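Comments concern the structure below.
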Amino acid sequence: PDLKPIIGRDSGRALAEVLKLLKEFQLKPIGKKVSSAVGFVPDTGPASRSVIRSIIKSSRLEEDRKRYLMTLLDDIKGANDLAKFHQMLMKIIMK
Amino acid sequence: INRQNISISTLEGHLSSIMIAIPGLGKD
Amino acid sequence: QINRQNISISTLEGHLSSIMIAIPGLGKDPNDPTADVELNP
Amino acid sequence: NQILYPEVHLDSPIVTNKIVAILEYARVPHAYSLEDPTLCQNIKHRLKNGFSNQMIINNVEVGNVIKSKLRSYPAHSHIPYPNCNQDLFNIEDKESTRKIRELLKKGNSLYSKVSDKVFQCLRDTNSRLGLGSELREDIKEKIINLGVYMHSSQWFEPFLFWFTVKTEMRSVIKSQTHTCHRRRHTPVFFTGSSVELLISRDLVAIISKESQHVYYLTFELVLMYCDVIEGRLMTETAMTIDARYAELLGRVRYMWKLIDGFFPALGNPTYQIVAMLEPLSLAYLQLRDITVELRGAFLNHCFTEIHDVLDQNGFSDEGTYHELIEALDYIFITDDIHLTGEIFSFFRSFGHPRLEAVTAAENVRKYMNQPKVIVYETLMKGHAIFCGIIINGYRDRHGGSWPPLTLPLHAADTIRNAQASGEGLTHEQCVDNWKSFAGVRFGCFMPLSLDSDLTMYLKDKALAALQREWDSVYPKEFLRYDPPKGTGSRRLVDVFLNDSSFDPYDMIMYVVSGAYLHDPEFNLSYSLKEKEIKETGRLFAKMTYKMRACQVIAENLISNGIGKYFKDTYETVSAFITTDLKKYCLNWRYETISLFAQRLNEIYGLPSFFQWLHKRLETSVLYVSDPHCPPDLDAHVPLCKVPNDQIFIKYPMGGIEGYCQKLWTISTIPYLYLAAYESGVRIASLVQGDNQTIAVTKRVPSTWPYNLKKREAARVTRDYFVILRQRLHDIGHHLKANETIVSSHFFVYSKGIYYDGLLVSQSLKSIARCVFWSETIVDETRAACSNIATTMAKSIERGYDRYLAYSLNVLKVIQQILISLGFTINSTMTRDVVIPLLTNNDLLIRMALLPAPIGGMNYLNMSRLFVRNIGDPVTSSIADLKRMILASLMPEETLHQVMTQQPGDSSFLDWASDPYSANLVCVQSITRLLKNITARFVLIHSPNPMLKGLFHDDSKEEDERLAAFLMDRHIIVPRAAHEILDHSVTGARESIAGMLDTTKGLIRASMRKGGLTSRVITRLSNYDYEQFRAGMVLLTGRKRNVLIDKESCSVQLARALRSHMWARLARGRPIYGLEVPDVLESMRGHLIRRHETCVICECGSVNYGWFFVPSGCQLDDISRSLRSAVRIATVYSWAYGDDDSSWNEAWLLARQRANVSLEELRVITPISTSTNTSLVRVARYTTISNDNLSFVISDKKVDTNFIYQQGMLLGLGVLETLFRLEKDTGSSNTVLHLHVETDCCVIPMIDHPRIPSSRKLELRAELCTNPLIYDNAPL
Ligand SMILES: Cn1nc(C(F)(F)F)cc1C(=O)Nc1ccc(S(=O)(=O)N2CCCCC2)cc1
Ligand SMILES: [Zn+2]
Ligand SMILES: [Zn+2]
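Protein chains in written order, with UniProt numbering: chain A, 392 to 411, 433 to 507; chain B, 353 to 380; chain C, 352 to 392; chain D, 7 to 574, 652 to 1201, 1232 to 1285, 1302 to 1404.
So, in structure tokens, the structure goes:
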């Protein structure tokens, strides 16, 4: 809004969070494509790759199919394609 | 008065949403 | 004609009342030692 | 000062400054890096000065011994804690444990002789209950060879080593710290087979022969290693002899071997990975979710942190991280649901980190010095919900009215007319027009609960030193100057029971008047907290006396007053959110709490009272003080001139955890309710322990799939979470997404992990704590063998096997007895008991198999395996003994020795305060006796106005006289005497003296001041010696009671036992109302399968509990108002009964309790017709019909003779121990019959309406009007 007043504990003791235009230190928005406490969205990072691997491992499919999905994961690169494979696997698991 | 009413109600409209800035040290 | 602005003045006063209770200072006795002294002596 | 043995278990933190100080004064080289070099610089400068005392001299001599022995080893290297963990966990010596090895070998050869009969006696009980005719051939082998399993374990030799070292250092410390003899011999190394020991009084030096490594340890490290290994050995044995943990054993063993391999490389930061097994055990349970979008949500954060810790530590390679992640996957990924909370039990068995003060002060300074920007609109929208909650909480309980309540100023029409009409208002109106509550001023309508009890003040707390002497905690060694001496006391009870003028209103006015802001003595200090697996973790705060008193007073006010207002087709479906409240009290500024403290100021009528915390903190300095980390100060300075550095936190803003808990808890609900209204979902919060859960709930159509129902119930809370996060961030709180869980199935609490109606309990948390010596002040075999049997019975209810837990208890008792007889530091164990007992093998196992209510040392009887409370200890122990004699575990003459043993010497008050006690010679606890003596003495000698006029030295004689008058009649009733005496003013004194928890320091002070005589010291310094002598006499005595046989019922046996035991106070008069038949002897059983006809039913019995279970794959998922101490008088007058004449005496005692007349008393008492399931998984399927069991003795208008719930608990127990190893409940539906027989158990009694009091009633000269003592002005 760029228009929000600010009153501090004292007159001149508000110079800390006045420059953070840039008035309040907001919070990072929980987006549908950013990993947060709600929902899973995989990045390119090894953390996310290992999490998808753990989902394949702890899923309740058959062993050969689990290994085949692992092989499919071995040759995937890029956050976008990784997210597509994640959606595919989530669709497959409940089938 | 017909104008002063809104000219003073806008003050309350703007004051009903302010930001309190708490410092880091209790004495400074 | 007048009560419609008296309500606004009272709303502003009630905002400034509870806005200087949650901010220490800003007056001579601006804090809240304004309760009934005690039920028992 | 010799009745105090050194500590046996770990109770303090491991401070690296401690070891650094010891080694730097002993002049030994050491590879110990310190964050702050101030301690080393201080010690160095002090040595250059020339300061030295006896401790310095002793450490110098020990260091000389170490440095002279280190010459034989050319390439020695100090391996520091925790890098030495992998070695010192698997250390083993063969020429140092030469004694304890033989001891435990003998203790195992005794069990090898008793074990076949133990198994036979358990198989008898099983077959009797009706679980077949033969135990599992695996269970038989485990029970019989349970000693060989415990001896062929990988932790046995480390256990022997870390027990030998522990007991040797304990003996050294005990024999040395006593001022008897001062001439000391230097300690020399003990060259063993593979290691070389030097057990000094302060530090232990262990050199490794082949490896050349050198380790220096302290008493805390030795205690921690002994605890860790005694836990690992017990848990590995309990998972080896058991079959349900056949899969868990491999995972836990791999976890041990995998995280042990990081200690040599990673070091101290390895506990940041060890402390990641509590969140991971939930992140890996989320992978079974039903809304696939949530799977991995928490696991991503867990793995991100596990990667960041490795990167910051230095293991930047990717191979190490990948192998670690694969290992953790293998460990945690599993199928069974009930074995997912088990890895929780094991994450405390890697030891505790070594911590300092700087790294725990900076972590809290970072959070307490931080600006914030709150939002006024949402602050007031929450304050409106607060005012609305108060409005509704007072309009209820008062018939919909606001007599003293709010008086708005410019309120809206609906909210102004709600007051006039005297009706409530929901969250909708408040959040809609919160502008109406923008200036509401309450008026005092809440009294001040003043003299409820003394809990808050009496509960042991520490006090900080007065601000003028804030550095008296640091001894003169580690400081660069002479610190000021410490005048004031250092305990809440020591400063409270010496308060010549105490007044809660004086304290409240000390806050109201505002002298707490000018008090030149206020001081707040931080202290590191022991047994935490986080290097920063937590601290606990200590503040001065007056301020601590005002704090506890404020918390009691806010918990007794409005704090109680906040307690509370289409189906409902609820998800769960769980977030931990650590580091959540430092984000509580004054601005966000003043609007809620002000309404409470105006409710209780205490101007500017309820916001004392921030007004005091915002102008004070708090340092973190431990005796070994001093500040760097060349000369003494006040606490206001110290800079903002290592240990100081100048002028904080946030709160302090624990203080104002009720205030924060009631001021945090308005924002939950606002965020719930903004989404249209009904929530319910629960703060249980250290993490709060919220059960968001929504109504959904019934004719829906379970999958879609749970998916929508998770979507609604995924929406609610962001709203709540925005609200908390606008009021100033960060609801982090890393430390939080959202899940549609589970939530953590303090009784396990609730998972969709189940409960994944952790059974191996108490087996890891059934260590040898129990927590006490003097090593006592009775308390040890009671703590050994009080934890197996908890593992049994959390999921362990009954028979294997019983055998483990028997074995651990048999070797605890031997350790206390021939491997103890006690000095009063003489050859007249040590030699005969250790020589006679049969007697030594008889004393360890004989139950404790009879005279033995076995505290776990075969009925405590199944039911929660046994009926009568003395009639259940005799049934247990009969079972043992029948199964030929003990000879027949033991029953005669029991029934003709030597009666002890106890008075009437002891029989009235312990009513099930067939009196025994020298059985009580030395700790309990010292507590009940010192508490009584210090409460009699106290000028405190709160409890004055209550503790006069004649109180003991008055108690004994009242007990004699109550018990002594023509028919004795110990239970009723106990109830009356407990509720009287003689039970109030004992309750206060028990609440006054005396510490080792307090008993030391009492002995220094002469609290108890040297005669009592000599009487209680050789107690356990008398226990063993009395047991020897009991088991050797050769008498016979010709009227005793195996066939006479256990009830008759217990009656005869009590009569013969104290006829000196009975003279033949019947004791009545104690004996209740034993459940396991009285109840037989049978299991009806698909096609068969019952046999014990058709044999004639028609009284039996009927349990049913169907077949289906499960076990995975599916003038009197606002009562007061007048209630004490009421329950007493009902326990006395209805009497023609003795109603006068009942009224007399109830009058001494509370002020009321006989007529009001008779009309208030409820005259009666007489004169006197969250633990298992197969109780959901179970169906119970109580109809056939309704047959009791005449089934008249009385209570159930046997506790009716026993015949149901004992049925659920057998059903659970049947389906314990099955995944499904079978193919055919099963039924269970639980016939009972109490024929000969019926006491042939004469129904006395009441007994005439055959003693004159003498009471206190006048009932004292102390208001703490039951009130004497109700109306
Ligand atoms: C502001 N807030 N929002 C939420 C929500 F909704 F997100 F869960 C929770 C809180 C909140 O925790 N208040 C609060 C409650 C108790 C304490 S404590 O000091 O007594 N404590 C210390 C740690 C162990 C337990 C006891 C400190 C702050
Ligand atoms: Zn019987
Ligand atoms: Zn039957």
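Backbone N, C-alpha and C fix where the C-beta goes; we use that ideal spot for every residue, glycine too.
So residue i is in the alpha helix (DSSP H); what residue range does that whole segment cover?
i	result
D:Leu1126	Counting along the chain, D:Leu1126 falls outside any alpha helix (DSSP H), and DSSP gives it neither H nor E.
D:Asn870	864–881
D:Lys180	162–183
D:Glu202	Run containing D:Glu202: none in the alpha helix (DSSP H); it sits in the beta strand (DSSP E), 201–205.
C:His366	354–370
D:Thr103	Looking at the DSSP string, D:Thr103 is not in any alpha helix (DSSP H), and its letter there is neither H nor E.
D:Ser910	No alpha helix (DSSP H) holds D:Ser910; DSSP gives it neither H nor E.
Using CA atoms only, rank isn't needed, just tell me which of the options is closest to residue i.
i	options	result
D:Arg554	D:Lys146, D:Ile395, D:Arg496, D:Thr662	D:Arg496
D:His84	D:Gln218, D:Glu41, D:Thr786, D:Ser1237	D:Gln218
D:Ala81	D:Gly399, D:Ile150, D:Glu101, D:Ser214	D:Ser214
D:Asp342	D:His1364, D:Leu842, D:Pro410, D:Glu1130	D:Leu842
D:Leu972	D:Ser960, D:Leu933, D:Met982	D:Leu933
D:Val770	D:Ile739, D:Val783, D:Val831	D:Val831
residue 1218 of chain D	D:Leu385, D:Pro410, D:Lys387	Placed between 1201 and 1232 in the numbering, residue 1218 of chain D has no coordinates, as chain D goes from one to the other without interruption by modelled residues.
D:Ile1241	D:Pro1403, D:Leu116, D:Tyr79, D:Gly1336	D:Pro1403
D:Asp773	D:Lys793, D:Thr786, D:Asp663	D:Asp663
A:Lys503	A:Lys489, A:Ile467, A:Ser447, A:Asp476	A:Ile467
D:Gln899	D:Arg33, D:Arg1102, D:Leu116	D:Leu116
D:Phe309	A:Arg477, A:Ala459, A:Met506	A:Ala459
D:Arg1112	D:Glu163, D:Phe169, D:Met930, D:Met549	D:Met930
D:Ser531	D:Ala521, D:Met549, D:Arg544	D:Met549
Can you list, in chain order, the residues of its chain whose CB lies under 6 Å from that of residue i, leaving out five sequence neighbours each side?
i	result
D:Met261	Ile337
Please work out which residues of its chain come closer than 7 Å, Cβ to Cβ, to residue i, disregarding the five sequence neighbours upstream and downstream, and give them in chain order.
i	result
D:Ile1280	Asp1251
D:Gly1355	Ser1194
D:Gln126	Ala970
D:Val916	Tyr1108, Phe1111, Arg1112, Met1115
D:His51	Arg486
With respect to the beta strand (DSSP E) encompassing residue i, which residues constitute its N-terminal and C-terminal limits?
i	result
D:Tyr463	No beta strand (DSSP E) contains D:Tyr463, which is instead part of the alpha helix (DSSP H) from 461–464.
D:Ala211	209–214
D:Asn529	D:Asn529 -> no beta strand (DSSP E), and no H or E assigned at all.
D:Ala547	545–549
D:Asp663	659–663
Between the stretch 25–44 of chain D and the stretch 55–70 of chain D, do three or more beta carbon pairs fall short of 8 Å?
-> Here the stretch 25–44 of chain D makes contact with the stretch 55–70 of chain D; the two share three or more CB pairs at distances below 8 Å.
Check whether the stretch 281–290 of chain D touches the stretch 339–350 of chain D, counting contact only when three or more Cβ pairs, one atom from each stretch, lie closer than 8 Å.
-> Touching, per the Cβ criterion.
Examine the Cβ distances between the stretch 675–689 of chain D and the stretch 330–343 of chain D and report whether three or more of them are shorter than 8 Å.
-> Remark: fewer than three beta-carbon pairs, one from each stretch, lie closer than 8 Å, so the stretch 675–689 of chain D and the stretch 330–343 of chain D are not flagged as touching.
Shell residues, 6 Å Cβ cut-off relative to heavy atoms of ligand 1 | My final list is D:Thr662, D:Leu664, D:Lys665, D:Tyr667, D:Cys668, D:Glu740, D:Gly741, D:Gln744, D:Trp747, D:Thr748, D:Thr751, D:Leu755, D:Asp773, D:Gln775, D:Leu811, D:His816, D:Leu818.
Relative to chain F, which residues along the stretch 363–378 of chain D have a C-beta separation below 7 Å, given in chain order?
-> Annotation note: the requested chain F is absent from the structure, which comprises protein chains A, B, C and D.
Report yes or no: do three or more beta-carbon pairs, one from the stretch 1248–1255 of chain D and one from the stretch 1366–1382 of chain D, lie closer than 8 Å?
-> Yes: at least three Cβ pairs fall under 8 Å.
Sufficient close CB pairs (3 or more, under 8 Å) joining the stretch 536–544 of chain D to the stretch 11–23 of chain D | A contact exists between the stretch 536–544 of chain D and the stretch 11–23 of chain D.
Is the stretch 468–483 of chain D touching the stretch 785–803 of chain D, taking contact as three or more C-beta pairs under 8 Å?
-> Flag = no, the stretch 468–483 of chain D and the stretch 785–803 of chain D do not touch.
Touch test, the stretch 811–824 of chain D against the stretch 664–677 of chain D, Cβ-Cβ under 8 Å, three pairs minimum | Yes, the stretch 811–824 of chain D is in contact with the stretch 664–677 of chain D.
Contact shell at 5 Å, judged by CB to any heavy atom of ligand 3, ordered along the chain | Any heavy atom of ligand 3 within less than 5 Å of a residue's beta carbon puts that residue on the list, which reads D:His1169, D:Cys1177, D:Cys1180, D:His1362.
Heavy atoms of ligand 2 versus C-beta positions, residues under 5 Å | Any residue whose Cβ sits closer than 5 Å to a heavy atom of ligand 2 makes the list: D:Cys1132, D:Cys1369, D:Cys1370.
Cβ pair count under 8 Å reaching 3, the stretch 132–144 of chain D against the stretch 975–990 of chain D | Cβ pair count under 8 Å is below three, so no.
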